[PDB]
Structure formats: structure tokens, C-alpha cells
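Student: mmCIF, N, CA and C atoms and all ligand atoms, file start-v8.cif:
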```cif
data_structure
loop_
_atom_site.label_atom_id
_atom_site.label_comp_id
_atom_site.auth_asym_id
_atom_site.auth_seq_id
_atom_site.Cartn_x
_atom_site.Cartn_y
_atom_site.Cartn_z
N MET A 1 0.85 -1.27 0.00
CA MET A 1 0.00 0.00 0.00
C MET A 1 0.86 1.28 0.00
N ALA A 2 0.25 2.38 -0.51
CA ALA A 2 0.97 3.68 -0.46
C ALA A 2 1.44 3.99 0.93
N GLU A 3 2.54 4.73 1.05
CA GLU A 3 3.22 4.75 2.30
C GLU A 3 2.36 5.54 3.33
N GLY A 4 1.78 6.62 2.86
CA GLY A 4 1.06 7.52 3.88
C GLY A 4 -0.10 6.72 4.46
N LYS A 5 -0.80 5.98 3.63
CA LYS A 5 -1.93 5.14 4.12
C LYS A 5 -1.51 4.00 4.99
N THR A 6 -0.35 3.37 4.64
CA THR A 6 0.18 2.30 5.49
C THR A 6 0.54 2.75 6.91
N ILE A 7 1.16 3.90 6.93
CA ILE A 7 1.50 4.56 8.24
C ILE A 7 0.27 4.92 9.05
N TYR A 8 -0.67 5.52 8.31
CA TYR A 8 -1.99 5.83 8.95
C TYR A 8 -2.66 4.63 9.64
N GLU A 9 -2.63 3.51 8.95
CA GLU A 9 -3.34 2.27 9.41
C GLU A 9 -2.66 1.55 10.55
N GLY A 10 -1.49 1.98 10.88
CA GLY A 10 -0.68 1.46 12.01
C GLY A 10 -0.55 2.21 13.26
N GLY A 11 -1.50 3.09 13.53
CA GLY A 11 -1.67 3.65 14.78
C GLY A 11 -2.32 5.03 14.82
N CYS A 12 -2.06 5.82 13.80
CA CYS A 12 -2.67 7.17 13.72
C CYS A 12 -4.18 7.04 13.79
N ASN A 13 -4.67 5.99 13.12
CA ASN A 13 -6.10 5.67 13.02
C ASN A 13 -6.76 5.42 14.37
N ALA A 14 -5.99 5.05 15.36
CA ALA A 14 -6.62 4.86 16.68
C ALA A 14 -7.32 6.09 17.17
N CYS A 15 -6.66 7.27 17.00
CA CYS A 15 -7.33 8.47 17.40
C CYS A 15 -8.19 9.02 16.28
N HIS A 16 -7.68 9.03 15.05
CA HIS A 16 -8.34 9.74 13.96
C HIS A 16 -9.63 9.07 13.48
N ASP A 17 -9.68 7.73 13.41
CA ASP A 17 -10.91 7.12 12.92
C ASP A 17 -12.02 7.37 13.87
N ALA A 18 -11.72 7.49 15.15
CA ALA A 18 -12.77 7.74 16.19
C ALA A 18 -12.99 9.19 16.51
N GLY A 19 -12.14 10.09 16.00
CA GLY A 19 -12.27 11.46 16.36
C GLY A 19 -11.89 11.75 17.78
N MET A 20 -11.01 11.01 18.44
CA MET A 20 -10.69 11.21 19.85
C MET A 20 -10.19 12.66 20.03
N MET A 21 -10.70 13.30 21.06
CA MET A 21 -10.25 14.67 21.45
C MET A 21 -10.57 15.67 20.42
N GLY A 22 -11.36 15.34 19.44
CA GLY A 22 -11.59 16.23 18.31
C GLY A 22 -10.63 16.07 17.15
N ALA A 23 -9.87 14.97 17.14
CA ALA A 23 -8.99 14.68 16.01
C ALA A 23 -9.84 14.64 14.73
N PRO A 24 -9.34 15.21 13.63
CA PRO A 24 -10.13 15.22 12.40
C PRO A 24 -10.14 13.85 11.75
N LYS A 25 -11.35 13.36 11.51
CA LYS A 25 -11.51 12.00 10.94
C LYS A 25 -11.14 12.00 9.47
N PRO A 26 -10.60 10.92 8.95
CA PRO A 26 -10.27 10.84 7.53
C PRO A 26 -11.55 10.95 6.70
N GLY A 27 -11.52 11.76 5.62
CA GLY A 27 -12.69 11.95 4.80
C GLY A 27 -13.66 12.97 5.32
N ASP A 28 -13.45 13.52 6.51
CA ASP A 28 -14.38 14.52 7.07
C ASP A 28 -14.00 15.86 6.42
N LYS A 29 -14.66 16.18 5.27
CA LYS A 29 -14.33 17.37 4.51
C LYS A 29 -14.41 18.62 5.33
N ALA A 30 -15.50 18.74 6.11
CA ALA A 30 -15.71 19.97 6.92
C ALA A 30 -14.68 20.17 8.00
N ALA A 31 -14.26 19.05 8.62
CA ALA A 31 -13.19 19.15 9.60
C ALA A 31 -11.84 19.59 9.01
N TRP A 32 -11.56 18.97 7.85
CA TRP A 32 -10.27 19.20 7.24
C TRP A 32 -10.13 20.51 6.52
N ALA A 33 -11.26 21.03 5.99
CA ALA A 33 -11.13 22.21 5.14
C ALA A 33 -10.39 23.41 5.75
N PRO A 34 -10.68 23.78 7.03
CA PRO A 34 -9.93 24.94 7.58
C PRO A 34 -8.53 24.60 7.93
N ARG A 35 -8.23 23.30 8.17
CA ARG A 35 -6.84 22.86 8.44
C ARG A 35 -6.00 22.91 7.12
N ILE A 36 -6.61 22.59 6.02
CA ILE A 36 -5.94 22.57 4.71
C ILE A 36 -5.72 24.01 4.30
N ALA A 37 -6.66 24.87 4.62
CA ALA A 37 -6.69 26.26 4.05
C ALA A 37 -5.50 27.02 4.63
N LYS A 38 -4.88 26.60 5.76
CA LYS A 38 -3.71 27.29 6.29
C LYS A 38 -2.43 26.91 5.54
N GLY A 39 -2.47 25.92 4.66
CA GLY A 39 -1.39 25.45 3.87
C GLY A 39 -0.89 24.09 4.34
N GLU A 40 -0.48 23.30 3.37
CA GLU A 40 0.14 21.97 3.71
C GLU A 40 1.33 22.16 4.60
N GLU A 41 2.16 23.21 4.47
CA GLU A 41 3.37 23.31 5.29
C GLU A 41 3.04 23.35 6.79
N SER A 42 1.98 24.12 7.15
CA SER A 42 1.55 24.18 8.50
C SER A 42 1.01 22.80 9.05
N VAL A 43 0.31 22.13 8.19
CA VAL A 43 -0.24 20.79 8.54
C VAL A 43 0.91 19.81 8.84
N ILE A 44 1.89 19.81 7.94
CA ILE A 44 3.11 18.95 8.13
C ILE A 44 3.90 19.31 9.34
N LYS A 45 4.10 20.59 9.66
CA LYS A 45 4.74 20.97 10.84
C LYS A 45 4.04 20.54 12.12
N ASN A 46 2.70 20.61 12.09
CA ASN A 46 1.96 20.13 13.23
C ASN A 46 1.99 18.60 13.38
N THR A 47 2.12 17.91 12.31
CA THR A 47 2.24 16.41 12.36
C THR A 47 3.57 15.97 13.00
N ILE A 48 4.63 16.66 12.57
CA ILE A 48 5.96 16.35 13.10
C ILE A 48 6.13 16.78 14.53
N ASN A 49 5.78 18.08 14.82
CA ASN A 49 5.98 18.73 16.06
C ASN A 49 4.92 18.51 17.17
N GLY A 50 3.76 18.02 16.68
CA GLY A 50 2.61 17.88 17.61
C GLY A 50 1.80 19.21 17.64
N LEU A 51 0.53 19.05 18.02
CA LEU A 51 -0.38 20.21 18.20
C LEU A 51 -1.42 19.71 19.27
N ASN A 52 -1.40 20.28 20.48
CA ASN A 52 -2.42 19.93 21.43
C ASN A 52 -2.50 18.43 21.65
N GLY A 53 -3.61 17.77 21.44
CA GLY A 53 -3.72 16.32 21.67
C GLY A 53 -3.09 15.51 20.57
N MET A 54 -2.65 16.10 19.48
CA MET A 54 -1.92 15.42 18.40
C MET A 54 -0.44 15.28 18.82
N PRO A 55 0.02 14.11 19.17
CA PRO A 55 1.39 13.97 19.67
C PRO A 55 2.41 14.19 18.58
N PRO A 56 3.60 14.63 19.01
CA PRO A 56 4.69 14.71 17.98
C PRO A 56 4.84 13.36 17.29
N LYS A 57 4.90 13.36 15.97
CA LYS A 57 5.10 12.18 15.14
C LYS A 57 4.00 11.17 15.35
N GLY A 58 2.83 11.66 15.83
CA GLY A 58 1.78 10.66 16.17
C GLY A 58 2.14 9.71 17.21
N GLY A 59 3.20 9.89 17.95
CA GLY A 59 3.77 9.00 18.94
C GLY A 59 4.47 7.76 18.30
N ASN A 60 4.74 7.83 17.00
CA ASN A 60 5.49 6.71 16.28
C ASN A 60 6.94 7.22 16.10
N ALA A 61 7.77 6.81 17.01
CA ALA A 61 9.17 7.31 17.15
C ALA A 61 9.98 6.80 15.99
N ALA A 62 9.58 5.82 15.25
CA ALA A 62 10.41 5.26 14.18
C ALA A 62 10.28 6.10 12.89
N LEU A 63 9.32 7.02 12.78
CA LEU A 63 9.03 7.61 11.49
C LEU A 63 9.94 8.77 11.13
N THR A 64 10.25 8.81 9.84
CA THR A 64 10.95 9.99 9.37
C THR A 64 10.03 11.15 9.16
N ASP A 65 10.63 12.34 9.02
CA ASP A 65 9.81 13.50 8.62
C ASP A 65 9.12 13.31 7.27
N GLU A 66 9.80 12.70 6.29
CA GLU A 66 9.19 12.41 5.05
C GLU A 66 7.97 11.42 5.10
N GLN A 67 8.14 10.42 5.97
CA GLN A 67 7.02 9.48 6.20
C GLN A 67 5.84 10.25 6.86
N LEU A 68 6.08 11.05 7.83
CA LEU A 68 5.01 11.90 8.48
C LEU A 68 4.37 12.79 7.49
N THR A 69 5.18 13.38 6.60
CA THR A 69 4.68 14.21 5.49
C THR A 69 3.77 13.46 4.60
N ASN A 70 4.14 12.23 4.21
CA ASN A 70 3.34 11.39 3.33
C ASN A 70 2.01 10.94 4.05
N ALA A 71 2.06 10.71 5.35
CA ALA A 71 0.81 10.33 6.07
C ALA A 71 -0.07 11.59 6.15
N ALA A 72 0.47 12.76 6.43
CA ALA A 72 -0.39 13.96 6.43
C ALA A 72 -0.98 14.20 5.07
N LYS A 73 -0.19 14.07 4.01
CA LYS A 73 -0.71 14.20 2.61
C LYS A 73 -1.77 13.25 2.23
N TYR A 74 -1.68 12.00 2.72
CA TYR A 74 -2.69 10.99 2.51
C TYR A 74 -4.00 11.51 3.13
N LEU A 75 -3.90 11.94 4.38
CA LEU A 75 -5.15 12.41 5.04
C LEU A 75 -5.71 13.60 4.26
N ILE A 76 -4.89 14.55 3.88
CA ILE A 76 -5.41 15.70 3.11
C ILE A 76 -6.08 15.17 1.84
N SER A 77 -5.41 14.25 1.12
CA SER A 77 -5.90 13.80 -0.20
C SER A 77 -7.25 13.17 -0.17
N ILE A 78 -7.60 12.45 0.88
CA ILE A 78 -8.86 11.77 0.99
C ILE A 78 -9.92 12.65 1.67
N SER A 79 -9.59 13.89 2.01
CA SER A 79 -10.54 14.69 2.86
C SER A 79 -10.85 15.97 2.22
N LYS A 80 -10.71 16.03 0.90
CA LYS A 80 -11.07 17.30 0.13
C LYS A 80 -12.18 16.82 -0.72
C1 LIG B 1 -4.31 10.69 19.40
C2 LIG B 1 -3.47 10.34 20.49
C3 LIG B 1 -3.61 10.88 18.13
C4 LIG B 1 -2.67 10.13 17.39
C5 LIG B 1 -2.16 8.82 17.78
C6 LIG B 1 -2.50 10.84 16.19
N1 LIG B 1 -3.23 11.96 16.07
FE1 LIG B 1 -3.17 13.34 14.63
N2 LIG B 1 -4.39 14.56 15.70
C7 LIG B 1 -4.87 14.31 16.91
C8 LIG B 1 -5.69 15.40 17.41
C9 LIG B 1 -6.44 15.48 18.70
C10 LIG B 1 -5.62 16.36 16.41
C11 LIG B 1 -6.23 17.74 16.44
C12 LIG B 1 -5.28 18.72 17.15
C13 LIG B 1 -5.95 20.10 17.40
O1 LIG B 1 -5.95 20.49 18.55
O2 LIG B 1 -6.42 20.74 16.43
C14 LIG B 1 -4.78 15.80 15.34
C15 LIG B 1 -4.48 16.51 14.22
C16 LIG B 1 -3.72 15.93 13.18
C17 LIG B 1 -3.49 16.60 11.88
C18 LIG B 1 -3.96 18.02 11.55
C19 LIG B 1 -2.93 19.03 12.01
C20 LIG B 1 -3.33 20.44 11.58
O3 LIG B 1 -2.50 21.21 10.99
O4 LIG B 1 -4.51 20.88 11.81
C21 LIG B 1 -2.81 15.72 11.09
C22 LIG B 1 -2.37 15.89 9.69
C23 LIG B 1 -2.63 14.57 11.94
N3 LIG B 1 -3.15 14.72 13.19
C24 LIG B 1 -1.92 13.41 11.46
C25 LIG B 1 -1.63 12.33 12.26
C26 LIG B 1 -0.78 11.26 11.75
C27 LIG B 1 -0.15 11.13 10.41
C28 LIG B 1 -0.61 10.40 12.89
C29 LIG B 1 0.12 9.11 13.01
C30 LIG B 1 1.47 9.07 12.47
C31 LIG B 1 -1.45 10.96 13.97
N4 LIG B 1 -2.02 12.11 13.56
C32 LIG B 1 -1.63 10.35 15.18
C33 LIG B 1 -4.68 13.10 17.64
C34 LIG B 1 -3.89 12.00 17.23
#
```
Represent the supplied structure as C-alpha cells.
Tutor:
Amino acid sequence: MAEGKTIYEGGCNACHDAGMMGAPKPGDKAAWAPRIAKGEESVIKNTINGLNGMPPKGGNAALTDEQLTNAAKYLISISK
């Protein structure tokens, strides 16, 4: 499978598929739209660095910045 989706399915989904803490669900256009509108760069920085209940790197210590980038892009791609 594509890398961003594979990464997503291995733990990010625990919070995101359920919307825990207000995490934006995959495919939830309305949730994602204002997050996308600030630019992909901001979205990627928040994925790497963490934002509120979103842990740095999703709490997956093995991932590269490029892998985190590809998982954030996957979520953006399916939620527009
Ligand atoms: C729960 C413990 C989480 C895990 C595990 C992951 N995410 Fe998450 N994410 C979470 C929350 C609560 C939020 C919203 C934060 C807020 O206060 O607004 C998010 C948000 C994201 C975003 C959007 C960031 C933005 O610029 O608005 C992305 C792209 C995102 N999360 C990606 C992501 C990925 C790729 C993860 C696994 C590697 C992952 N999250 C795990 C909560 C949780």
C-alpha cells in the first residue's frame, strides 16, 4: 500500500478514525477544510511537532519527517 496510508493504518487511526479529542476523521471534509486552508506546510509541521492532543510524530518514534509528510498528505488527499 501507499506509504502515507500504510503509516496511517498502524496507529494514527486509533485516534483519527474515532475522532478522539476532536482529532479530524479521515474523509471529514468539513473538519479538514480549515486545516488545509492554512497550507500543507503548517499541517506537516503540526504532524511532526505535535499540536495539542496530536502527539509529535503521532507517537510513532520510528518515522521519518518524510514518512510523516506522506501520512499527512494521505489524510489531506482523501478529505477534500
Ligand atoms: C491521538 C493520540 C492521536 C494520534 C495517535 C495521532 N493523532 Fe493526529 N491529531 C490528533 C488530534 C487530537 C488532532 C487535532 C489537534 C488540534 O488540537 O487541532 C490531530 C491533528 C492531526 C493533523 C492536523 C494538524 C493540523 O494542521 O490541523 C494531522 C495531519 C494529523 N493529526 C496526522 C496524524 C498522523 C499522520 C498520525 C500518526 C502518524 C497521527 N495524527 C496520530 C490526535 C492524534
Student: Residues near range 61-75 of chain A, anyone? I mean within 7 Å using only N, CA and C atoms, not counting same-chain ones fewer than 4 positions away, as a list in words.
Tutor: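 That gives residues 3, 4, 5, 7, 8, 26, 27, 43, 44, 47, 48, 57, 79 and 80 of chain A.
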Student: Taking all atoms listed in the file and a cut-off of 5 Å, can you tell me which residues surround ligand LIG 1 (chain B), written as a PyMOL selection string?
Tutor: chain A and resi 11-12+15+20-24+35+42-43+51-55+57-58+71-72
Student: Could you give me, as JSON, numbers by chain, each residue of chain A that DSSP assigns to helix (DSSP H, G or I) when run on this structure's backbone?
Tutor: {"A": [3, 4, 5, 6, 7, 8, 9, 10, 11, 12, 13, 14, 15, 16, 20, 21, 22, 29, 30, 31, 32, 33, 34, 35, 36, 37, 40, 41, 42, 43, 44, 45, 46, 47, 48, 49, 56, 57, 58, 59, 65, 66, 67, 68, 69, 70, 71, 72, 73, 74, 75, 76, 77]}
Student: Rounded to one decimal, what separation in Å do you get between atom C of residue 38 in chain A and CA of residue 16 in chain A?
Tutor: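 Straight-line distance from atom C of residue 38 in chain A to CA of residue 16 in chain A works out to 20.0 Å.
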Student: Nearest to residue 28 in chain A: which of A:46, A:41, A:78, A:59 is it, counting all atoms listed in the file?
Tutor: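 Among the listed residues, the smallest separation from residue 28 in chain A belongs to A:78.
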Student: Draw an axis-aligned box tight on the listed atoms of range 47-65 of chain A, then pad every side by 6 Å and write out centre and edge lengths in Å to one decimal as JSON.
Tutor:
```
{"center_x": 3.6, "center_y": 12.8, "center_z": 14.5, "size_x": 26.7, "size_y": 27.0, "size_z": 26.4}
```
Student: Expressed in Å to a single decimal, how great is the separation between CA of residue 2 in chain A and CA of residue 49 in chain A?
Tutor: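 Between CA of residue 2 in chain A and CA of residue 49 in chain A the gap works out to 22.9 Å.
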Student: Quick one: pull the distance between CA of residue 34 in chain A and CA of residue 1 in chain A, Å, one decimal.
Tutor: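 These atoms are spaced 27.9 Å apart.
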